[PDB]
Every structure is written in structure tokens, then in C-alpha cells.
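Structural characterization, general
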Amino acid sequence: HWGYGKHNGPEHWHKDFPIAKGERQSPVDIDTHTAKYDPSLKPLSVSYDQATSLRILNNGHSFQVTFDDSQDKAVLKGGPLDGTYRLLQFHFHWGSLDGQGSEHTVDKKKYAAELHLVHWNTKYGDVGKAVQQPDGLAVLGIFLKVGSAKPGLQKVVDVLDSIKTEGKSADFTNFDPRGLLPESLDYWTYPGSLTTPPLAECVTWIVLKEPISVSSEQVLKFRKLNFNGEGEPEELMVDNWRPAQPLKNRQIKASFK
Ligand SMILES: [N]S(=O)(=O)[C][C][C][C]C1234B567B89%10B%11%12%13B85%14B%1158B%12%11%15B%139%12B%1061B%12%112C5%153B%14874
Ligand SMILES: [Zn+2]
């Protein structure tokens, strides 16, 4: 199966998922001087007050927090989007050291980690149908840098020992994802793909300019996770990021001047 190692990592994925070499793959480097300010872009509408978290899961590639997406409770609208997108889950990508871990880069800068809040378009009715459409998903990406602790992340941090290895899940109710957001909703946007198999070209990316700060202790707990299942040879879940892919025939737009 696919992973992030030498023999199964990103350079291999195209064999099982040939769209890996497609025309709208993610992530990309965001060249800040080339991105064009688009005054037609709307403010992003992030409506998370009725979010209902369910479970936290280690799936062997990241950890994720899953939400009830059976009604319009935690939705993304506006910005570059037409219609309403329901929050399904969030997860992270991170490095072995603080100088790598993000998927998107900004003028070639890599952040220590990247948070992805994954949403799907309710007009396609379910996420499996949405992933087959060019406007099916909207992923909100937020960079993490290491400095001061993010208080809203601590509840996540402190349960990671209970999902150390692949397979493992736990109850994770009453988690408020508003506590993971930076002050500003200024963003870059472009059409792209899932950054993990199946690499489907179904995503409107919305990448926030302002990173959140997390502490060294917080990210160190991410790195204590394992890619492997319980009792198997221990391989730290680190460097679970896909590198930047060719931009090709795409424009990155900025919501801000
Ligand atoms: N890193 S990322 O945010 O680009 C990928 C998000 C993958 C989200 C999924 B799509 B398929 B299935 B549908 B449902 B399951 B599988 B992939 B994951 C979820 B949706
Ligand atoms: Zn992701």
C-alpha cells in the first residue's frame, strides 16, 4: 500500500493513481509575487458554531477528527465557492523537524505542519459523489509554525497517546474547530487535488496566509505517533507530506492586497 517511505512514497503513487501526473495536482508552491489580487473574491464564511465532532482516528497516514456531516452544522461558504460545503474531518501533515512538514509552500518556505479542514459540496449529496466532481471538495489549509502553544489544539494533543498506532480510534466529542483558526481569513485559492491517494482532481484549495503558532511540545506529540499497526516494527509517523507539484496551467488568486 501507499505511504511516505522510499519504496511507497509520493514518487511511486502514479503507478496506482496515474492522475498523480495530472493537470491540477496539489500541493503547490505559492509564489506570493505572482499570485494576483482578485477584488471579485468574497470573504470566506466559516460557520462552525454548531459543529459536532465524533471520533479521532490514526489511519496509518495521519490522524483525523471526524464530524457529523449529515446536516448543515459546520459549513464553509463564500470566498471562491459557489454553494455550501459541509465539514467532514480535519487532519494534519507534519515533519520530522520544524523546517519541513507543510504540503503547500510560500515562496519555497516550508512550515512545520499544515492543517487541512476537508469539506464537500452538499449539492452532490455525499462525499463519494463529490470526489468525482471538479468542484466537489473545498479544503481549508492552515500553516503551523513553532512558537507559542495553541490552546485550542491541546485537547487533540492529549489524546494522541490513545491512538499511537494505525487502526486505533477514540471518542472525540465536543471539540470546537474554531479554536484552530488564525485571526485573519485572508487567503490564496486555486483549483487542485487531494494530496493523498486517490489524488482526485476535485478540490478548491483555500490556503490561509496567516499561520497559527503551536508549541514544540505540541508538535513533538504528533511525532510520537506511528505509521505502523500495534506491535509491528515501529516507524514514527513523521514526514507525511507530499511535495509541491507542477502548477502548469493554473492561476493562484489572493483575496488580499
Ligand atoms: N490531504 S487532503 O486534505 O488533500 C485529502 C483529503 C482526502 C479526503 C477523502 B476523499 B476520499 B474518501 B473521500 B473521503 B476519504 B478518502 B479521500 B479520504 C476522505 B474524502
Ligand atoms: Zn491533507
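Residues numbered from 1 in each chain as written, not as in the entry; some residues may be left out. Chains lettered and ligands numbered in written order. Heavy atoms only, no water. Residues with missing side-chain atoms left out of burial classes, pairs and counts.

The name given to the protein in the PDB entry is Carbonic anhydrase 2, and the organism recorded there is Homo sapiens. Recorded in the entry header as its title is "Closo-carborane butyl-sulfonamide in complex with CA IX mimic". Under the heading Subunit (literature references left out), UniProt records this for the protein: "Interacts with SLC4A4. Interaction with SLC4A7 regulates SLC4A7 transporter activity. Interacts with SLC26A6 isoform 4 (via C-terminus cytoplasmic domain)." (UniProt positions renumbered as here; feature names shortened; annotations may be inferred.)

So, on to the UniProt feature "active site" in the protein. Mapped onto this numbering, the UniProt entry gives "active site" at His61. Structurally, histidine 61 can be placed in the loop between β4 (53-58) and β5 (63-67). In this structure, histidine 61 is in contact with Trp2, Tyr4, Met237 and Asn240, ignoring residues within four places of it in sequence. (Helix = DSSP H or I, 4+ residues; strand = E, 2+ residues; numbered from the N terminus. Contact = heavy atoms within 4.5 Å.)

Within the protein, the atoms that donate to the zinc ion (ligand 2) are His91 (NE2), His93 (NE2) and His116 (ND1), at distances of 2.0 Å. What the four donor atoms of the zinc ion (ligand 2) show is an angle range of 99 to 118 degrees at the metal, which sorts the shape as tetrahedral. Read in sequence order, the donor residues coordinating the zinc ion (ligand 2) give the pattern H-x1-H-x22-H. Here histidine 116 lies in strand β9 (residues 113-121) and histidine 91 lies in strand β7 (residues 85-94), a separation of 25 residues in the sequence. The same class applies to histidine 91 and to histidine 116, which are both buried. (Donors = N, O, S within 2.8 Å, 3.2 Å for Na, K, Ca; no water. Tetrahedral: all angles 85-135°; square planar, octahedral: opposite > 155°, others 65-115°. Buried < 20%, exposed > 50% of the residue type's maximum accessible area, 1.4 Å probe, protein only.)

Of the pairings in the sheet, the one linking strand β3 (residues 44-47) to strand β6 (residues 75-78) comprises four bridges and is antiparallel in character. For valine 46, the partnering residue across the bridge sits in β6 and is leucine 76. Bridging between β6 and β7 involves two bridges; their strand directions are antiparallel. When the bridges of β7 are listed, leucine 76 appears paired with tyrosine 85. (Pairing = 2+ DSSP bridges.)

In this section: the nonpolar core. Core analysis: the biggest nonpolar cluster contains 42 residues, and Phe63, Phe90 and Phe222 have the highest contact counts within it. Looking at this core, the elements with two or more residues in it are β5, β7, β9, β10 (137-146), α2 (154-157), β13 (203-208), β14 (212-214) and α3 (216-223). Here this core takes five residues from β7, the largest share from any one element. Excluding residues within four positions of it along the chain, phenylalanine 222 makes contact with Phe63, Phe92, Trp94, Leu144, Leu153, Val157, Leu160 and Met237. Among the nonpolar cores identified, the runner-up in size contains 23 residues, and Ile30, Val106, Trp188 and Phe256 belong to it. (Core = buried A, V, L, I, M, F, W, Y, C linked by side-chain atoms within 4.5 Å.)

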